[PDB]
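K.L.:
this one's a deposited entry, sequence included:
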Amino acid sequence: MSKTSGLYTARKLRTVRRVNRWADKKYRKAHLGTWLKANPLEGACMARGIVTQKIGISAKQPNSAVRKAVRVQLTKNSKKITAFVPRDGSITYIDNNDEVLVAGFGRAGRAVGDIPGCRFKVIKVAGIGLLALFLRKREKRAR
Amino acid sequence: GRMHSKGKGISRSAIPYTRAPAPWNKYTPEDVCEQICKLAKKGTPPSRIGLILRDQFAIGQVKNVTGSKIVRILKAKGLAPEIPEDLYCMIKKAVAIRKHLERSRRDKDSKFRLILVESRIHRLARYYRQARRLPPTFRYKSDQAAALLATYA
Amino acid sequence: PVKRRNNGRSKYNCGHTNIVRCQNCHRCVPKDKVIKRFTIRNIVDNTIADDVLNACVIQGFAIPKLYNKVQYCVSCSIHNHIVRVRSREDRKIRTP
Amino acid sequence: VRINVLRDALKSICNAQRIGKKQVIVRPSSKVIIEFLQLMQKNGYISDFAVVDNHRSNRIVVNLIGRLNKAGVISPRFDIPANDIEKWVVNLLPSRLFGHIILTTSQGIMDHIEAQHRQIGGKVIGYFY
Amino acid sequence: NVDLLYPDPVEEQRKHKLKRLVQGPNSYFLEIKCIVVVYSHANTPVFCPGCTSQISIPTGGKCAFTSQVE
RNA sequence: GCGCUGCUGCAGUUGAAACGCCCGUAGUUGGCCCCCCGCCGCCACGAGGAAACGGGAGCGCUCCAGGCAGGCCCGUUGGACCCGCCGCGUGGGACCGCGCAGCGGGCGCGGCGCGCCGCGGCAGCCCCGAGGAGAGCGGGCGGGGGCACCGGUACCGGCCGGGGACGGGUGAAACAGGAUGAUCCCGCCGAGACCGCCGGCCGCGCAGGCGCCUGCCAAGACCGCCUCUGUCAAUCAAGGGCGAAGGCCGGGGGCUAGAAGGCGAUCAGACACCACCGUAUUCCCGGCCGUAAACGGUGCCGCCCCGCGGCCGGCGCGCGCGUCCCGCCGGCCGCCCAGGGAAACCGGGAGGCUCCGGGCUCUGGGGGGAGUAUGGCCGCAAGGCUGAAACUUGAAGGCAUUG
Ligand SMILES: [Mg+2]
Ligand SMILES: [Mg+2]
Ligand SMILES: [Mg+2]
Ligand SMILES: [Mg+2]
Ligand SMILES: [Mg+2]
Ligand SMILES: [Mg+2]
Ligand SMILES: [Mg+2]
Ligand SMILES: [Mg+2]
Ligand SMILES: [Mg+2]
Ligand SMILES: [Mg+2]
Ligand SMILES: [Mg+2]
Ligand SMILES: [Zn+2]
């Protein structure tokens, strides 16, 4: 038929699948290697960096808001990223030139929501979880 | 007409179910053998021989009288051509094409036809080189085809 | 999608056909796609045919005709009402 | 070119039975076709048939009586192990109670039930139900 | 009313010789008297024992004769 | 999850996707037939080779995850057995593929060879001839190809004569022409293109494409056949050849039209559409380029299949003999019952398929970035073949309904 089907045709089928399975975006992104060399976290759950600028970013057209984020530089790479601290009033707990831990959003490496070109989240600052600081479980009187 | 074309007719011949001779047959198996002998001496190809036998002598099939085919009889009598007939005719046609072309070389359809004919010749020659009907050294060359035609004819 | 099974032309058992020029705009058209009509008309309009025949000196003279073939393109046929835009079911009717 | 004579025969049979015909003619005859038809006849799907000799490409005539719902071939002959028949039965047959699967073995052409009885395996030819 | 195993001999004559239940010739032999057997579809020239010329007119299908022969 | 990587089991007319066409090697696939012998695959059984893990027989660590224990009056108390194999042995021998080179007896030693002997013992030694292919004879068929030759008006230019004021062109006008006689009528001369009405649900060709007379050369499919051979076959990376128009190199030719350019109008503007002039080009020879909505947007080979009808080529039957009607093969088309499909629609399949396996080749996997960058090959060049990533985005698309 369209596909070869003879009893001595295993080699051709193997080669066909080998060539054709590179056309899937997911399979390429996983098994090609470019993404790993381009991802600032090099396949890690989260990274540690230093905040250097506190900035606010406007939202997209159908929304109207200014989201609070900070600029970070990763210790182990020295490159630059933008990480966004979501919880209300949690910008005031983050201070310039502070040690932070930055993780990802739900999606692997795409932008999430109406925030344009942002792919990282702040979770720990100065060794204390932001979620815990927001609930008043602990206090940052060491800084 | 399928190998080198797109047509597909079905003009053929359908021989009878029974293999026996005609009730009005008046020829012993030998008498035809002499007729084949003298016809072959006149350089007659087997196909024409069968045509002549069927039309002039009223013999529908030679095998039904003698039990054997014409070329086998000729080989037993040592008269069969070294080069088989179909191949020889293909080579004739190729030579004719080449001559007409060297007269005038602006005709492209003729070159197309020549390509087809030479491909067919190569295939048939390979098959005959296998089956040990031709010498292993036999090879067809465009520039010496007329010579082989003359000697092998 | 596809509107006509003939693709708007009468082309069977061939690859290419010779071209013609529209008689109105002089556009180049394939011969199988151009709209053709044949007409037969009198050289003299019928209003004055009787007058001409009366003035004629010869006996039994017959008014000559004009035999011409008109060929038009698709745009010009529609603009000049040579053909009409029809309904989906009436596109299949082929009788005049 | 022609390759699988059995596939053509079975397709013709199903086509004829679809429109409630009574007889069919399949052009090329073969031993495998004959055994397939004999098994079908013993199971009660196609009644009688006749083989017509012409020296070349013997023809066959078969008489139909409804009953048959589907027939087919598996082109590349896979080698079923004796204990691997249940998976093919489940995949191919509507139920585990009335379909038949044909195999060719060193003991001859038989059904999957018979091969299970003798605890042997072989190669697959086709199926009908 | 109809059985494929025993076709009517006449409806078989109207079918193609290869699609018949048994493939067979459409040709035959016949006598000629100017007293010899001649093929129906003769293509090559034929002569009599006496006739000094030909008695065959090859055509696309069945051969024609000179009418003098019966 | 995902039948969104599809062996089981996707898709390829229109949504993404059938190379422009042909030849062709590797590769893959190959009709039917011999009753038993040998070989390969195949199936079954077996030997041999660590456990742990996994499966699994028995046992109340109080249950359990576990462990191999344990009971008295214990199989010899128990820890049984299976599971890491492309190799080895026995059997079967349906299916799948290969087997060209006489035999038997006597000399002849126990056997096997090399040899010598009766042919005096043998039926001594060829399936058939695929609605597979190729070759052959006969018959007509056709805008199929190449070479030379040749006719006809018409556009353009020139000339003899006539006559006397506008003519051309447009929606309407204005640039170019005219007393140096224009436009118009007739006659002759020159050159180069072109092939009309017939001309078509006609036809030919592998496709691109094919239309004056005459003559020459080679070729091709189809039909008809109790002519020949005997599997010679199908499809295809690599490789080879052909390939509209435009374009390029080198030579010829110069009439029409006409990119570029120029000029008059229109418009707010108009460097565009309309009018006029006009170079390359359009024509021939030799050679490059190798692309098109190169479309039936449907790959090639093969089987079955409702009914009605038209046209072309060839053959046969019948009669009341008409270029009548009844058939067969091949080709080009129309409508259509089933069936199929998201539907439009197809139905000479886009059917016989989730009831999902005839054979071979190619392509596709959300939209952009992008047929781009960087390399390589080809090409005089223009450019062709091959061909990413980062980054970005939530829809883009198809067929159909109402407004
Ligand atoms: Mg081929
Ligand atoms: Mg055929
Ligand atoms: Mg539209
Ligand atoms: Mg075209
Ligand atoms: Mg898909
Ligand atoms: Mg589109
Ligand atoms: Mg598409
Ligand atoms: Mg050109
Ligand atoms: Mg295409
Ligand atoms: Mg499928
Ligand atoms: Mg994509
Ligand atoms: Zn017009």
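P.N.:
Yep, it's here. Numbers count the residues shown, from 1 in each chain, chains lettered A, B, ... in the order given. Ligands and ions are numbered 1, 2, ... in the order given.
K.L.:
please make it C-alpha for all contacts and neighbour counts, starting now.
P.N.:
Will do.
K.L.:
so who does the residue lying closest to residue A:126 once chain neighbours are set aside touch?
P.N.:
Nearest residue to residue A:126, sequence neighbours excluded (CA to CA, 6 or more residues apart in numbering or on different chains): residue A:99, at 5.5 Å. By CA atoms under 8 Å, 6 or more residues apart in numbering or on different chains, residue A:99 lies in contact with A:48-51, A:125-126.
K.L.:
roughly how far apart are the nearest residue to residue B:124 once chain neighbours are set aside and residue B:122?
P.N.:
Leaving out its chain neighbours, the residue that sits closest to residue B:124 by CA to CA, 6+ apart is residue B:87, at 7.2 Å. As for residue B:87, its distance to residue B:122 is 10 Å (criterion: CA to CA, to the nearest Å).
K.L.:
before we move on, what about residue B:49?
P.N.:
Counting by CA to CA, the gap from residue B:49 to residue B:122 is 27 Å.
K.L.:
among the contacts of residue A:99, which are in strands?
P.N.:
Counting by DSSP state E, these place A:48-51, A:125 in strands.
K.L.:
let me have those residues in a markdown table, adding distance to ligand 12 and neighbour count as columns.
P.N.:
Converted to a markdown table, these look like this (distance: CA to the ion, whole Å; neighbours: other CA atoms under 10 Å in any protein chain shown):
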| residue | distance to ligand 12 | neighbour count |
| --- | --- | --- |
| A:48 | 79 | 19 |
| A:49 | 78 | 23 |
| A:50 | 79 | 21 |
| A:51 | 77 | 24 |
| A:125 | 83 | 22 |
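K.L.:
just the closest of these to residue E:63, please.
P.N.:
Nearest to residue E:63, judged by CA to CA, of the ones in strands among the contacts of residue A:99 is residue A:48 at 103.6 Å.
K.L.:
so what's the closest one up against?
P.N.:
Counting by CA under 8 Å, 6+ apart, residue A:48 touches A:74-75, A:99-102.
K.L.:
please apply the same query to residue C:71.
P.N.:
C:21-23, C:34-37.
K.L.:
you'd agree it is in a strand?
P.N.:
Yes. Per DSSP: H, G, I helix; E, B strand; the rest coil, residue C:71 lies within a strand segment.
K.L.:
quick one: secondary structure of the nearest residue to it once chain neighbours are set aside?
P.N.:
In space, and not counting its chain neighbours, residue C:71 is closest to residue C:36: 4.8 Å by CA to CA, 6+ apart. What three-state DSSP gives for residue C:36 is strand.
K.L.:
highest neighbour count among the contacts of residue C:71?
P.N.:
Neighbour counts for the contacts of residue C:71 (other CA atoms under 10 Å in any protein chain shown) peak at residue C:34, which has 22 neighbours.
K.L.:
helices of the chain, start to end?
P.N.:
As the question left the chain open, I've gone with chain A. Listed in chain order, the helices found in chain A under DSSP state H are A:10-20, A:25-31, A:34-38, A:130-134.
K.L.:
hmm, I had chain E in mind actually
P.N.:
So, for chain E - with DSSP H - the helices run E:9-13.
K.L.:
neighbours of the residue in it that chain D sits nearest to, how many?
P.N.:
Going by CA to the nearest CA, chain D is nearest to residue E:22 of chain E, at 6.1 Å. Using other CA under 10 Å, residue E:22 is surrounded by 18 other residues.
K.L.:
for it, which non-adjacent residue is closest in space?
P.N.:
residue D:54 (6.1 Å).
K.L.:
what strand or helix carries that neighbour?
P.N.:
Assigned by DSSP states H and E, residue D:54 belongs to neither a helix nor a strand.
K.L.:
any idea how far it lies from residue C:62?
P.N.:
77 Å.
K.L.:
please apply the same query to residue C:89.
P.N.:
Where residue C:62 is concerned, residue C:89 sits at a distance of 46 Å (CA to CA).
K.L.:
ok, now residue E:21?
P.N.:
Distance, residue E:21 to residue C:62, using CA to CA: 70 Å.
K.L.:
flag every residue of chain B that's near chain D.
P.N.:
Those residues of chain B that sit near chain D, judged by CA under 8 Å from any CA of the partner chain, are residue B:17.
K.L.:
let's see it at 10 Å
P.N.:
Proximity of chain B to chain D, by CA under 10 Å from any CA of the partner chain, involves residues B:16-18.
K.L.:
now residue B:4: which helix or strand?
P.N.:
Here residue B:4 sits in a region with no helix or strand, counting by DSSP H and E.
K.L.:
wait, what's in contact with residue 60?
P.N.:
Reading this off chain A. Residue A:60 makes contact with A:66, A:113-116 under the criterion CA atoms under 10 Å, 6 or more residues apart in numbering or on different chains.
K.L.:
to clarify, I was referring to chain E.
P.N.:
Residues counted as contacts of residue E:60 (CA under 10 Å, 6+ apart) are E:41, E:43.
K.L.:
would you list the phi and psi of the nearest residue to residue C:28 once chain neighbours are set aside?
P.N.:
Sequence neighbours aside, residue C:21 is the residue nearest to residue C:28 in space, at 4.6 Å (criterion: CA to CA, 6+ apart). Main-chain dihedrals, residue C:21, degrees, to the nearest 10: phi -110, psi 130.
K.L.:
and the gap between residue C:21 and ligand 12?
P.N.:
From residue C:21 over to ligand 12 the distance is 8 Å, taken as CA to the ion, to the nearest Å.
K.L.:
quick check: that residue touching residue C:31?
P.N.:
Yes. Counting by CA atoms under 10 Å, residue C:31 is a contact partner of residue C:21 at 9.1 Å.
K.L.:
residue E:7 - how many residues pack around it?
P.N.:
Residue E:7 sits with 12 neighbouring residues when counted by other CA under 10 Å.
K.L.:
so it sits against residue E:14, correct?
P.N.:
No. Taking contacts as CA under 10 Å, residue E:7 lies outside contact range of residue E:14: 11.9 Å.
K.L.:
what do these two both touch?
P.N.:
The contact lists of residue E:7 and residue E:14 share residue E:20, where a contact means CA under 10 Å, 6+ apart.
K.L.:
who touches residue C:59 in this structure?
P.N.:
Contact analysis of residue C:59 by CA under 10 Å, 6+ apart lists residue C:53.
K.L.:
now name the helix or strand holding it.
P.N.:
Counting by DSSP H and E, residue C:59 is found in no helix or strand.
K.L.:
returning to that earlier point: quickly list what's touching both of residue B:87 and residue B:122.
P.N.:
residue B:128.
K.L.:
does stretch C:59-69 reach ligand 12?
P.N.:
No. If you take CA under 5 Å from the ion as the test, stretch C:59-69 misses ligand 12, and the best it gets is 11.8 Å.
K.L.:
now do that stretch: distance to the chain's middle.
P.N.:
How far stretch C:59-69 lies from its chain's middle: 20 Å, per CA atoms, centre = their mean, to the nearest Å.
K.L.:
pull that stretch out as CSV, backbone CA atoms only.
P.N.:
Extracted as CSV, the C-alpha positions of stretch C:59-69 are listed here (Å, rounded to 0.1, in the frame of the first residue of the first chain):
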residue,chain,number,x,y,z
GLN,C,59,-34.6,40.9,-62.8
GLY,C,60,-34.9,38.4,-60.0
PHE,C,61,-32.0,39.7,-58.0
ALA,C,62,-31.6,38.4,-54.5
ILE,C,63,-30.2,40.4,-51.6
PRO,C,64,-26.8,39.1,-50.5
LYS,C,65,-26.1,38.0,-46.9
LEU,C,66,-23.3,38.4,-44.4
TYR,C,67,-21.8,35.3,-42.9
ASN,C,68,-19.7,36.0,-39.8
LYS,C,69,-18.5,34.2,-36.7
